[PDB]
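Trainee: Sending over entry21.tsv (TSV, C-alpha atoms).
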```
chain	number	residue	atom	x	y	z
R	14	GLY	CA	41.36	-30.49	-1.95
R	15	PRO	CA	44.19	-28.46	-3.48
R	16	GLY	CA	46.67	-27.30	-0.78
R	17	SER	CA	44.85	-25.11	1.79
R	18	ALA	CA	41.43	-25.58	0.24
R	19	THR	CA	38.80	-28.26	0.82
R	20	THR	CA	36.81	-29.99	-1.96
R	21	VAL	CA	33.03	-30.11	-1.48
R	22	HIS	CA	30.95	-32.52	-3.61
R	23	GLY	CA	27.34	-31.67	-2.86
R	24	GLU	CA	25.21	-29.29	-4.80
R	25	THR	CA	22.09	-27.41	-3.75
R	26	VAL	CA	18.97	-28.73	-5.44
R	27	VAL	CA	16.90	-25.88	-6.81
R	28	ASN	CA	13.35	-27.17	-7.28
R	29	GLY	CA	12.78	-27.07	-11.06
R	30	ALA	CA	9.06	-27.73	-10.43
R	31	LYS	CA	8.40	-24.58	-8.34
R	32	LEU	CA	8.70	-20.89	-9.20
R	33	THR	CA	9.19	-18.27	-6.48
R	34	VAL	CA	7.38	-14.93	-6.79
R	35	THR	CA	8.74	-12.01	-4.75
R	36	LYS	CA	6.44	-9.13	-3.83
R	37	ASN	CA	7.69	-5.80	-2.53
R	38	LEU	CA	5.62	-2.80	-1.42
R	39	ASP	CA	7.29	0.54	-2.05
R	40	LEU	CA	6.11	3.29	0.35
R	41	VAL	CA	5.74	6.94	-0.74
R	42	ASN	CA	5.87	7.81	2.97
R	43	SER	CA	8.30	5.56	4.92
R	44	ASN	CA	6.07	5.84	8.00
R	45	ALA	CA	3.00	4.54	6.12
R	46	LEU	CA	0.56	2.16	7.76
R	47	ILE	CA	0.41	-1.19	5.89
R	48	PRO	CA	-3.11	-2.24	4.79
R	49	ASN	CA	-4.64	-5.66	5.55
R	50	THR	CA	-4.87	-7.05	2.01
R	51	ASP	CA	-3.79	-9.84	-0.37
R	52	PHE	CA	-1.97	-9.44	-3.65
R	53	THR	CA	-2.61	-12.16	-6.23
R	54	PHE	CA	-0.45	-13.44	-9.10
R	55	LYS	CA	-1.52	-15.46	-12.08
R	56	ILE	CA	0.34	-17.85	-14.39
R	57	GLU	CA	-1.13	-18.91	-17.74
R	58	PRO	CA	0.14	-20.71	-20.85
R	59	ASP	CA	1.75	-18.30	-23.33
R	60	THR	CA	-0.61	-18.40	-26.35
R	61	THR	CA	1.82	-16.65	-28.73
R	62	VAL	CA	4.38	-19.47	-29.00
R	63	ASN	CA	5.42	-20.76	-32.40
R	64	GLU	CA	5.17	-24.46	-31.68
R	65	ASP	CA	7.74	-26.89	-32.96
R	66	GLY	CA	9.14	-30.01	-31.27
R	67	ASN	CA	11.26	-27.55	-29.25
R	68	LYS	CA	9.07	-24.74	-27.86
R	69	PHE	CA	5.63	-25.52	-26.44
R	70	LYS	CA	2.65	-23.62	-25.11
R	71	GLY	CA	2.68	-24.08	-21.33
R	72	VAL	CA	0.55	-26.83	-19.77
R	73	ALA	CA	-2.06	-25.11	-17.53
R	74	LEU	CA	-1.51	-25.50	-13.76
R	75	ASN	CA	-4.05	-26.97	-11.35
R	76	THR	CA	-3.69	-23.78	-9.31
R	77	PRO	CA	-2.83	-20.86	-11.67
R	78	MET	CA	-3.04	-18.24	-8.92
R	79	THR	CA	-0.91	-17.65	-5.87
R	80	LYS	CA	-0.96	-14.88	-3.29
R	81	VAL	CA	0.91	-12.92	-0.67
R	82	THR	CA	-0.74	-11.29	2.36
R	83	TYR	CA	0.00	-8.03	4.16
R	84	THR	CA	-1.31	-6.94	7.60
R	85	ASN	CA	-1.08	-3.85	9.82
R	86	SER	CA	1.61	-5.66	11.89
R	87	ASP	CA	4.00	-5.69	8.90
R	88	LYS	CA	4.63	-1.99	9.48
R	89	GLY	CA	8.33	-1.43	10.27
R	90	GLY	CA	9.49	-4.60	8.46
R	91	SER	CA	10.98	-5.32	5.05
R	92	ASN	CA	7.55	-5.51	3.41
R	93	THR	CA	9.00	-8.24	1.16
R	94	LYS	CA	6.73	-11.30	0.73
R	95	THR	CA	7.12	-14.48	-1.35
R	96	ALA	CA	4.73	-17.00	-2.90
R	97	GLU	CA	5.17	-20.05	-5.17
R	98	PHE	CA	3.71	-21.50	-8.33
R	99	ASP	CA	3.62	-25.29	-8.12
R	100	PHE	CA	4.43	-27.28	-11.31
R	101	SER	CA	5.11	-30.61	-9.46
R	102	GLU	CA	1.81	-32.09	-10.66
R	103	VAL	CA	1.99	-30.73	-14.21
R	104	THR	CA	2.28	-33.52	-16.79
R	105	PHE	CA	4.84	-32.66	-19.51
R	106	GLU	CA	4.61	-35.32	-22.23
R	107	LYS	CA	8.02	-34.64	-23.83
R	108	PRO	CA	11.21	-32.69	-23.29
R	109	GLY	CA	11.07	-29.08	-24.39
R	110	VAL	CA	10.66	-25.45	-23.41
R	111	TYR	CA	7.20	-24.69	-22.13
R	112	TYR	CA	6.09	-21.03	-22.21
R	113	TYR	CA	3.95	-19.21	-19.67
R	114	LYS	CA	3.12	-15.62	-18.75
R	115	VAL	CA	3.08	-14.42	-15.14
R	116	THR	CA	1.10	-11.28	-14.17
R	117	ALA	CA	-0.10	-9.51	-11.01
R	118	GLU	CA	-3.88	-9.43	-10.64
R	119	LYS	CA	-5.56	-6.04	-10.04
R	120	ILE	CA	-9.27	-6.66	-9.33
R	121	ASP	CA	-10.06	-5.71	-5.71
R	122	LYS	CA	-7.94	-2.54	-5.82
R	123	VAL	CA	-6.60	-1.44	-2.42
R	124	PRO	CA	-6.97	2.34	-1.85
R	125	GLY	CA	-3.71	4.25	-2.33
R	126	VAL	CA	-2.04	1.33	-4.19
R	127	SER	CA	-0.56	1.62	-7.67
R	128	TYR	CA	-0.24	-1.82	-9.24
R	129	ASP	CA	2.79	-3.28	-10.99
R	130	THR	CA	1.86	-3.79	-14.64
R	131	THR	CA	4.92	-6.00	-15.36
R	132	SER	CA	4.36	-9.16	-17.39
R	133	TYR	CA	6.89	-11.95	-17.21
R	134	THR	CA	7.52	-14.61	-19.80
R	135	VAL	CA	8.35	-17.87	-18.06
R	136	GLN	CA	10.19	-20.80	-19.70
R	137	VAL	CA	9.96	-24.17	-17.96
R	138	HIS	CA	12.89	-26.30	-19.19
R	139	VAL	CA	11.72	-29.91	-19.27
R	140	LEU	CA	14.69	-32.26	-19.78
R	141	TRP	CA	14.90	-36.05	-20.02
R	142	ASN	CA	16.02	-37.15	-16.57
R	143	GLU	CA	18.58	-39.91	-16.84
R	144	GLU	CA	17.96	-41.54	-13.44
R	145	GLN	CA	14.15	-41.22	-13.42
R	146	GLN	CA	13.78	-42.14	-17.11
R	147	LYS	CA	11.14	-39.43	-17.81
R	148	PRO	CA	10.78	-35.74	-18.84
R	149	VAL	CA	11.27	-33.66	-15.69
R	150	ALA	CA	10.70	-29.92	-15.16
R	151	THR	CA	14.36	-29.19	-14.40
R	152	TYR	CA	14.84	-25.43	-14.34
R	153	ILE	CA	12.65	-22.37	-14.75
R	154	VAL	CA	13.67	-19.01	-16.15
R	155	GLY	CA	11.71	-15.78	-16.25
R	156	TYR	CA	12.32	-12.57	-18.06
R	157	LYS	CA	11.00	-9.20	-18.69
R	158	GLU	CA	12.61	-7.25	-21.47
R	159	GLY	CA	15.68	-9.32	-22.23
R	160	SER	CA	17.24	-9.71	-18.88
R	161	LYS	CA	16.76	-13.07	-17.17
R	162	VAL	CA	15.62	-12.09	-13.67
R	163	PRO	CA	13.69	-13.32	-10.61
R	164	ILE	CA	9.92	-12.95	-10.73
R	165	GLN	CA	9.47	-9.80	-8.66
R	166	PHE	CA	6.54	-7.39	-8.41
R	167	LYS	CA	6.68	-3.94	-6.75
R	168	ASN	CA	3.41	-2.14	-5.99
R	169	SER	CA	3.50	1.42	-4.55
R	170	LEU	CA	1.54	2.38	-1.45
R	171	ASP	CA	0.65	6.08	-1.38
R	172	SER	CA	-0.78	7.87	1.67
R	173	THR	CA	-1.82	11.42	2.44
R	174	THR	CA	-1.86	14.25	5.03
R	175	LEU	CA	-4.54	16.10	6.92
R	176	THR	CA	-3.70	19.65	8.09
R	177	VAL	CA	-6.05	21.43	10.51
R	178	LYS	CA	-5.60	25.17	10.86
R	179	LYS	CA	-7.12	27.77	13.19
R	180	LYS	CA	-7.58	31.33	11.97
R	181	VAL	CA	-8.91	34.13	14.25
R	182	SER	CA	-10.54	37.17	12.63
R	183	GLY	CA	-12.36	40.35	13.68
R	184	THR	CA	-11.21	43.25	15.84
R	185	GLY	CA	-12.58	41.44	18.93
R	186	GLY	CA	-10.92	38.08	18.19
R	187	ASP	CA	-8.44	36.77	20.78
R	188	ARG	CA	-5.26	35.66	18.96
R	189	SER	CA	-3.96	34.02	22.18
R	190	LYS	CA	-7.03	31.89	22.93
R	191	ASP	CA	-6.86	28.08	22.73
R	192	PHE	CA	-9.75	26.58	20.79
R	193	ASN	CA	-10.57	22.92	21.57
R	194	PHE	CA	-10.80	20.29	18.82
R	195	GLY	CA	-11.53	16.57	18.38
R	196	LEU	CA	-10.34	14.36	15.50
R	197	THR	CA	-11.74	10.86	14.95
R	198	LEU	CA	-10.39	8.53	12.29
R	199	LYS	CA	-12.66	5.51	11.61
R	200	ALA	CA	-11.53	1.89	11.27
R	201	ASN	CA	-12.08	-0.07	8.07
R	202	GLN	CA	-11.00	-3.51	6.76
R	203	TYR	CA	-7.60	-2.09	5.68
R	204	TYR	CA	-6.73	-0.31	8.94
R	205	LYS	CA	-8.03	-1.64	12.26
R	206	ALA	CA	-9.01	0.06	15.48
R	207	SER	CA	-6.07	1.12	17.67
R	208	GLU	CA	-3.58	1.42	14.80
R	209	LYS	CA	-1.56	4.65	15.36
R	210	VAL	CA	-1.08	7.64	13.08
R	211	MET	CA	1.50	10.35	13.55
R	212	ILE	CA	0.45	13.92	14.34
R	213	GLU	CA	2.66	17.04	14.30
R	214	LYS	CA	1.50	20.26	16.00
R	215	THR	CA	3.06	23.55	14.86
R	216	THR	CA	3.00	26.73	16.96
R	217	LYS	CA	4.21	30.20	16.12
R	218	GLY	CA	7.78	30.84	17.30
R	219	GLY	CA	10.97	28.96	18.08
R	220	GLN	CA	9.71	25.53	19.09
R	221	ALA	CA	10.06	22.64	16.65
R	222	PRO	CA	6.79	20.83	15.85
R	223	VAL	CA	5.52	18.49	18.61
R	224	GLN	CA	4.81	14.80	17.81
R	225	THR	CA	1.88	12.88	19.18
R	226	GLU	CA	-0.05	9.85	17.96
R	227	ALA	CA	-3.76	9.28	17.38
R	228	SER	CA	-5.47	5.89	17.53
R	229	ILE	CA	-7.93	4.83	14.86
R	230	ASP	CA	-11.47	4.69	16.33
R	231	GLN	CA	-10.40	6.78	19.36
R	232	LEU	CA	-11.24	10.53	19.63
R	233	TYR	CA	-8.07	12.58	19.55
R	234	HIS	CA	-8.14	15.83	21.59
R	235	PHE	CA	-6.15	18.91	20.61
R	236	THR	CA	-6.04	22.69	20.82
R	237	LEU	CA	-4.99	25.45	18.46
R	238	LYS	CA	-4.50	29.20	18.73
R	239	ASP	CA	-4.68	31.54	15.71
R	240	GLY	CA	-1.95	30.65	13.20
R	241	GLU	CA	-1.31	27.17	14.65
R	242	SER	CA	-1.93	23.81	13.04
R	243	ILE	CA	-1.81	20.05	13.43
R	244	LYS	CA	-0.94	17.68	10.57
R	245	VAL	CA	-1.64	13.94	10.46
R	246	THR	CA	1.54	13.12	8.51
R	247	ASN	CA	0.78	9.47	7.54
R	248	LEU	CA	-3.01	9.37	7.08
R	249	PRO	CA	-3.83	6.37	4.93
R	250	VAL	CA	-5.91	6.70	1.75
R	251	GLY	CA	-9.53	5.53	2.05
R	252	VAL	CA	-10.03	6.45	5.73
R	253	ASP	CA	-13.13	8.26	6.96
R	254	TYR	CA	-12.74	11.05	9.46
R	255	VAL	CA	-14.46	13.95	11.22
R	256	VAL	CA	-12.85	17.07	12.67
R	257	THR	CA	-14.84	19.21	15.09
R	258	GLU	CA	-14.09	22.31	17.16
R	259	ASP	CA	-15.91	22.99	20.48
R	260	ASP	CA	-18.82	25.45	20.34
R	261	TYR	CA	-17.77	29.02	21.13
R	262	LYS	CA	-21.00	30.92	20.37
R	263	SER	CA	-21.59	31.78	24.08
R	264	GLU	CA	-18.14	33.42	23.90
R	265	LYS	CA	-19.31	35.60	20.95
R	266	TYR	CA	-17.37	33.73	18.24
R	267	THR	CA	-18.80	32.63	14.93
R	268	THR	CA	-17.16	29.54	13.45
R	269	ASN	CA	-16.82	28.60	9.79
R	270	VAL	CA	-15.02	25.60	8.28
R	271	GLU	CA	-13.11	25.54	5.02
R	272	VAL	CA	-12.51	22.06	3.54
R	273	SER	CA	-9.87	22.27	0.84
R	274	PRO	CA	-8.37	19.18	-0.89
R	275	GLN	CA	-5.35	20.10	-3.01
R	276	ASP	CA	-6.76	19.55	-6.57
R	277	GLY	CA	-10.41	19.49	-5.56
R	278	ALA	CA	-13.64	21.23	-4.75
R	279	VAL	CA	-13.07	23.63	-1.86
R	280	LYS	CA	-16.02	23.39	0.50
R	281	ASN	CA	-17.35	26.02	2.92
R	282	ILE	CA	-19.34	25.10	6.01
R	283	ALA	CA	-21.07	27.38	8.46
R	284	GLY	CA	-20.67	25.75	11.89
R	285	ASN	CA	-18.11	23.86	13.92
R	286	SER	CA	-17.78	20.46	12.21
R	287	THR	CA	-16.65	18.82	9.00
R	288	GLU	CA	-19.01	16.27	7.55
R	289	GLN	CA	-17.59	12.74	7.40
R	290	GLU	CA	-14.71	13.06	4.95
R	291	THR	CA	-12.97	10.15	3.20
R	292	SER	CA	-9.24	10.57	2.66
R	293	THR	CA	-7.93	10.47	-0.92
R	294	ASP	CA	-4.43	10.66	-2.36
R	295	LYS	CA	-4.64	14.47	-2.25
R	296	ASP	CA	-3.31	16.43	0.78
R	297	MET	CA	-6.25	17.92	2.69
R	298	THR	CA	-6.29	21.32	4.41
R	299	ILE	CA	-9.15	22.24	6.74
R	300	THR	CA	-9.27	25.74	8.23
R	301	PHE	CA	-11.45	26.75	11.16
R	302	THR	CA	-12.06	30.51	11.12
R	303	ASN	CA	-13.36	31.95	14.36
R	304	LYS	CA	-14.60	35.48	14.19
R	305	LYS	CA	-15.49	37.91	16.99
R	306	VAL	CA	-16.60	41.55	16.69
R	307	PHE	CA	-18.03	44.48	18.70
```
Please express what this file holds, its structure, as structure tokens.
Mentor:
Amino acid sequence: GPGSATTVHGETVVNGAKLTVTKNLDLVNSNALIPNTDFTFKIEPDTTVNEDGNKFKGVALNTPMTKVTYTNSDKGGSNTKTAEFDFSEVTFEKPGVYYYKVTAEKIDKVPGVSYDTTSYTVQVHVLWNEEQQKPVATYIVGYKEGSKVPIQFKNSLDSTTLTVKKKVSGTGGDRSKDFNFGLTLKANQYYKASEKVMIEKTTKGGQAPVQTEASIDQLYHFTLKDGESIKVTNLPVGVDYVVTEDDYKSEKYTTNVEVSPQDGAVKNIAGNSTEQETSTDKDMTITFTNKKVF
């Protein structure tokens, strides 16, 4: 090598017969639970090519779809996954540039997920290979919008909140009484039993909110006085739940439930329980009003 430096002869072989797809999941809430789901990507011949002896419509792959997989256990990680398209068995009859389009499938839509609509044009450069004496898929380039870039897709995972509030009314109502509550979140295919969600309890006064966790499929016990609340801060979208207060009729309280999703139909319920609610992308506020009079 020259002076201090050393001369290296090898070079890394980038497989010109495989294309890497990178999938990222952007989180609206950094503490979001990660759903058990696949994301699927498709490659097809680009139909819009002006064919000469230079540019060609892509030759269809034996396996045009590839996928990545997410699970609950990915929570806390990079949430970056990769998959490959395999061109190694594709027969290219002559040298040339073979055109494909790569898209992200959106058929079995995962609740709370906004899908990347990006479409990539993919050029497979098939060159005559001197040593092998045949046309060989030698390098692959992809582009969206006039920058040559890696094939990357970024879906967004949204999630929501549930706030439960206690209000005491009536001249006989005890503003210092603790009312008992239970919250049960139900498992589904996307979020399994025993997964944890974060809960913050707010009390009147100087104390900062108190953090606890609830387990999916396990009754969560809590108490609230007038003017206090809990908030499930990372409730996933698509999760069923029930909130119930203990019965206080023998203590001369009447209980009514207000169910109020942010942009939705506010619901009023005589009694001490919500019906089974299903979480949406809208923040939910549920107020228990307990009233006592003379």
Trainee: Just want the 9 Å neighbourhood of segment 29-41 of chain R, counted on all atoms listed in the file, with same-chain residues fewer than 4 positions away dropped. Output as a ChimeraX atom specification.
Mentor: /R:45,52,54,79,81,91-103,137-139,149-154,163-172
Trainee: Skip segment 186-199 of chain R itself and residues of its chain fewer than 5 positions away, then list as a PDB file with C-alpha atoms, keeping the file's coordinate frame all residues within 7 Å of it, counting all atoms listed in the file.
Mentor:
```
ATOM      1  CA  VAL R 181      -8.910  34.130  14.250  1.00  0.00           C
ATOM      2  CA  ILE R 229      -7.930   4.830  14.860  1.00  0.00           C
ATOM      3  CA  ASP R 230     -11.470   4.690  16.330  1.00  0.00           C
ATOM      4  CA  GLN R 231     -10.400   6.780  19.360  1.00  0.00           C
ATOM      5  CA  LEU R 232     -11.240  10.530  19.630  1.00  0.00           C
ATOM      6  CA  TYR R 233      -8.070  12.580  19.550  1.00  0.00           C
ATOM      7  CA  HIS R 234      -8.140  15.830  21.590  1.00  0.00           C
ATOM      8  CA  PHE R 235      -6.150  18.910  20.610  1.00  0.00           C
ATOM      9  CA  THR R 236      -6.040  22.690  20.820  1.00  0.00           C
ATOM     10  CA  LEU R 237      -4.990  25.450  18.460  1.00  0.00           C
ATOM     11  CA  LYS R 238      -4.500  29.200  18.730  1.00  0.00           C
ATOM     12  CA  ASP R 239      -4.680  31.540  15.710  1.00  0.00           C
ATOM     13  CA  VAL R 252     -10.030   6.450   5.730  1.00  0.00           C
ATOM     14  CA  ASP R 253     -13.130   8.260   6.960  1.00  0.00           C
ATOM     15  CA  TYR R 254     -12.740  11.050   9.460  1.00  0.00           C
ATOM     16  CA  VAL R 255     -14.460  13.950  11.220  1.00  0.00           C
ATOM     17  CA  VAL R 256     -12.850  17.070  12.670  1.00  0.00           C
ATOM     18  CA  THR R 257     -14.840  19.210  15.090  1.00  0.00           C
ATOM     19  CA  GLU R 258     -14.090  22.310  17.160  1.00  0.00           C
ATOM     20  CA  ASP R 259     -15.910  22.990  20.480  1.00  0.00           C
ATOM     21  CA  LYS R 304     -14.600  35.480  14.190  1.00  0.00           C
ATOM     22  CA  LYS R 305     -15.490  37.910  16.990  1.00  0.00           C
ATOM     23  CA  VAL R 306     -16.600  41.550  16.690  1.00  0.00           C
TER      24      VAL R 306
END
```
Trainee: Could you please determine the separation between atom CA of residue 249 of chain R and atom CA of residue 86 of chain R in Å, to one decimal place?
Mentor: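 For atom CA of residue 249 of chain R relative to atom CA of residue 86 of chain R, the distance reads 14.9 Å.
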Trainee: Quick one: residues within 7 Å of segment 213-221 of chain R, all atoms listed in the file counted, chain neighbours fewer than 4 positions away excluded, as a list in words?
Mentor: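 Everything that qualifies: residues 225, 240, 241, 242, 243, 244 and 245 of chain R.
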Trainee: Considering only C-alpha atoms, can you say which of R:76, R:51, R:112, R:104 comes closest to residue 63 of chain R?
Mentor: R:112
Trainee: Taking all atoms of segment 294-300 of chain R that the file lists and extending 6 Å past them on each side, where is the centre of the axis-aligned box and how long are its edges? Answer in Å to one decimal, as lines of an AutoDock Vina configuration file.
Mentor:
```
center_x = -6.3
center_y = 18.2
center_z = 2.9
size_x = 18.0
size_y = 27.1
size_z = 22.6
```
Trainee: Can you tell me, as a PyMOL selection string, what residues are no more than 12 Å from residue 294 of chain R when counting all atoms listed in the file, ignoring any on the same chain fewer than 4 positions away?
Mentor: chain R and resi 41-42+124-127+170-175+247-252+274-277
Trainee: Hey, can you check how far atom CA of residue 298 of chain R sits from atom CA of residue 177 of chain R?
Mentor: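 The value is 6.1 Å.
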Trainee: Work out how far atom CA of residue 299 of chain R is from atom CA of residue 204 of chain R, in Å to one decimal.
Mentor: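 Computed distance, atom CA of residue 204 of chain R to atom CA of residue 299 of chain R, equals 22.8 Å.
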Trainee: Skip residue 205 of chain R itself and residues of its chain fewer than 3 positions away, then list as number ranges by chain all residues within 10 Å of it, counting only C-alpha atoms.
Mentor: R: 48-49, 84-85, 199-202, 208-209, 228-230
Trainee: Using only C-alpha atoms, which residue out of R:56, R:80, R:157, R:64 lies closest to residue 116 of chain R?
Mentor: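 Nearest candidate to residue 116 of chain R out of R:56, R:80, R:157, R:64: R:56.
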Trainee: Will you model N, CA and C atoms for segment 51-80 of chain R and pass it back as a PDB file, in the frame of the given file?
Mentor:
```
ATOM      1  N   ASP R  51      -4.577  -8.918   0.474  1.00  0.00           N
ATOM      2  CA  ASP R  51      -3.790  -9.840  -0.370  1.00  0.00           C
ATOM      3  C   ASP R  51      -3.324  -9.145  -1.626  1.00  0.00           C
ATOM      4  N   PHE R  52      -2.272  -9.685  -2.247  1.00  0.00           N
ATOM      5  CA  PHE R  52      -1.970  -9.440  -3.650  1.00  0.00           C
ATOM      6  C   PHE R  52      -1.858 -10.798  -4.344  1.00  0.00           C
ATOM      7  N   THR R  53      -2.451 -10.901  -5.534  1.00  0.00           N
ATOM      8  CA  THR R  53      -2.610 -12.160  -6.230  1.00  0.00           C
ATOM      9  C   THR R  53      -1.814 -12.135  -7.542  1.00  0.00           C
ATOM     10  N   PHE R  54      -1.267 -13.296  -7.891  1.00  0.00           N
ATOM     11  CA  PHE R  54      -0.450 -13.440  -9.100  1.00  0.00           C
ATOM     12  C   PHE R  54      -0.964 -14.622  -9.861  1.00  0.00           C
ATOM     13  N   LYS R  55      -0.966 -14.482 -11.183  1.00  0.00           N
ATOM     14  CA  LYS R  55      -1.520 -15.460 -12.080  1.00  0.00           C
ATOM     15  C   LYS R  55      -0.426 -15.951 -13.031  1.00  0.00           C
ATOM     16  N   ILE R  56      -0.459 -17.250 -13.309  1.00  0.00           N
ATOM     17  CA  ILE R  56       0.340 -17.850 -14.390  1.00  0.00           C
ATOM     18  C   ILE R  56      -0.592 -18.519 -15.388  1.00  0.00           C
ATOM     19  N   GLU R  57      -0.360 -18.270 -16.677  1.00  0.00           N
ATOM     20  CA  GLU R  57      -1.130 -18.910 -17.740  1.00  0.00           C
ATOM     21  C   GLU R  57      -0.218 -19.341 -18.895  1.00  0.00           C
ATOM     22  N   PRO R  58      -0.647 -20.351 -19.664  1.00  0.00           N
ATOM     23  CA  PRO R  58       0.140 -20.710 -20.850  1.00  0.00           C
ATOM     24  C   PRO R  58       0.294 -19.513 -21.790  1.00  0.00           C
ATOM     25  N   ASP R  59       1.507 -19.296 -22.285  1.00  0.00           N
ATOM     26  CA  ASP R  59       1.750 -18.300 -23.330  1.00  0.00           C
ATOM     27  C   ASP R  59       1.180 -18.765 -24.671  1.00  0.00           C
ATOM     28  N   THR R  60       0.169 -18.044 -25.153  1.00  0.00           N
ATOM     29  CA  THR R  60      -0.610 -18.400 -26.350  1.00  0.00           C
ATOM     30  C   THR R  60       0.114 -18.060 -27.667  1.00  0.00           C
ATOM     31  N   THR R  61       1.151 -17.227 -27.568  1.00  0.00           N
ATOM     32  CA  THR R  61       1.820 -16.650 -28.730  1.00  0.00           C
ATOM     33  C   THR R  61       3.030 -17.449 -29.209  1.00  0.00           C
ATOM     34  N   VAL R  62       3.234 -18.638 -28.639  1.00  0.00           N
ATOM     35  CA  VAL R  62       4.380 -19.470 -29.000  1.00  0.00           C
ATOM     36  C   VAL R  62       4.237 -20.093 -30.382  1.00  0.00           C
ATOM     37  N   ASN R  63       5.307 -19.997 -31.167  1.00  0.00           N
ATOM     38  CA  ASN R  63       5.420 -20.760 -32.400  1.00  0.00           C
ATOM     39  C   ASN R  63       5.843 -22.171 -32.011  1.00  0.00           C
ATOM     40  N   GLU R  64       4.909 -23.108 -32.118  1.00  0.00           N
ATOM     41  CA  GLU R  64       5.170 -24.460 -31.680  1.00  0.00           C
ATOM     42  C   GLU R  64       5.888 -25.313 -32.727  1.00  0.00           C
ATOM     43  N   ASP R  65       7.024 -25.829 -32.289  1.00  0.00           N
ATOM     44  CA  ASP R  65       7.740 -26.890 -32.960  1.00  0.00           C
ATOM     45  C   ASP R  65       7.957 -27.999 -31.915  1.00  0.00           C
ATOM     46  N   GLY R  66       8.777 -28.987 -32.248  1.00  0.00           N
ATOM     47  CA  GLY R  66       9.140 -30.010 -31.270  1.00  0.00           C
ATOM     48  C   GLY R  66      10.163 -29.506 -30.267  1.00  0.00           C
ATOM     49  N   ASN R  67      10.305 -28.171 -30.163  1.00  0.00           N
ATOM     50  CA  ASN R  67      11.260 -27.550 -29.250  1.00  0.00           C
ATOM     51  C   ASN R  67      10.588 -26.647 -28.203  1.00  0.00           C
ATOM     52  N   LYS R  68       9.833 -25.665 -28.688  1.00  0.00           N
ATOM     53  CA  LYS R  68       9.070 -24.740 -27.860  1.00  0.00           C
ATOM     54  C   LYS R  68       7.625 -25.190 -27.825  1.00  0.00           C
ATOM     55  N   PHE R  69       7.009 -25.087 -26.649  1.00  0.00           N
ATOM     56  CA  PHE R  69       5.630 -25.520 -26.440  1.00  0.00           C
ATOM     57  C   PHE R  69       4.846 -24.454 -25.696  1.00  0.00           C
ATOM     58  N   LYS R  70       3.546 -24.388 -25.962  1.00  0.00           N
ATOM     59  CA  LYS R  70       2.650 -23.620 -25.110  1.00  0.00           C
ATOM     60  C   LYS R  70       2.644 -24.306 -23.750  1.00  0.00           C
ATOM     61  N   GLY R  71       2.653 -23.519 -22.671  1.00  0.00           N
ATOM     62  CA  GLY R  71       2.680 -24.080 -21.330  1.00  0.00           C
ATOM     63  C   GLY R  71       1.501 -25.003 -21.065  1.00  0.00           C
ATOM     64  N   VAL R  72       1.681 -25.987 -20.186  1.00  0.00           N
ATOM     65  CA  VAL R  72       0.550 -26.830 -19.770  1.00  0.00           C
ATOM     66  C   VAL R  72      -0.064 -26.137 -18.535  1.00  0.00           C
ATOM     67  N   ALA R  73      -1.371 -25.881 -18.575  1.00  0.00           N
ATOM     68  CA  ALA R  73      -2.060 -25.110 -17.530  1.00  0.00           C
ATOM     69  C   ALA R  73      -1.905 -25.760 -16.149  1.00  0.00           C
ATOM     70  N   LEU R  74      -1.711 -24.953 -15.106  1.00  0.00           N
ATOM     71  CA  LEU R  74      -1.510 -25.500 -13.760  1.00  0.00           C
ATOM     72  C   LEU R  74      -2.843 -25.790 -13.110  1.00  0.00           C
ATOM     73  N   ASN R  75      -2.869 -26.747 -12.184  1.00  0.00           N
ATOM     74  CA  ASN R  75      -4.050 -26.970 -11.350  1.00  0.00           C
ATOM     75  C   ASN R  75      -4.469 -25.756 -10.534  1.00  0.00           C
ATOM     76  N   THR R  76      -3.481 -24.978 -10.104  1.00  0.00           N
ATOM     77  CA  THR R  76      -3.690 -23.780  -9.310  1.00  0.00           C
ATOM     78  C   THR R  76      -2.880 -22.637  -9.949  1.00  0.00           C
ATOM     79  N   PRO R  77      -3.486 -21.933 -10.920  1.00  0.00           N
ATOM     80  CA  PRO R  77      -2.830 -20.860 -11.670  1.00  0.00           C
ATOM     81  C   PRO R  77      -2.594 -19.565 -10.883  1.00  0.00           C
ATOM     82  N   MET R  78      -3.192 -19.446  -9.707  1.00  0.00           N
ATOM     83  CA  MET R  78      -3.040 -18.240  -8.920  1.00  0.00           C
ATOM     84  C   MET R  78      -2.345 -18.536  -7.611  1.00  0.00           C
ATOM     85  N   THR R  79      -1.528 -17.591  -7.176  1.00  0.00           N
ATOM     86  CA  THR R  79      -0.910 -17.650  -5.870  1.00  0.00           C
ATOM     87  C   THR R  79      -0.970 -16.250  -5.258  1.00  0.00           C
ATOM     88  N   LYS R  80      -0.843 -16.176  -3.937  1.00  0.00           N
ATOM     89  CA  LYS R  80      -0.960 -14.880  -3.290  1.00  0.00           C
ATOM     90  C   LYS R  80       0.029 -14.645  -2.175  1.00  0.00           C
TER      91      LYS R  80
END
```
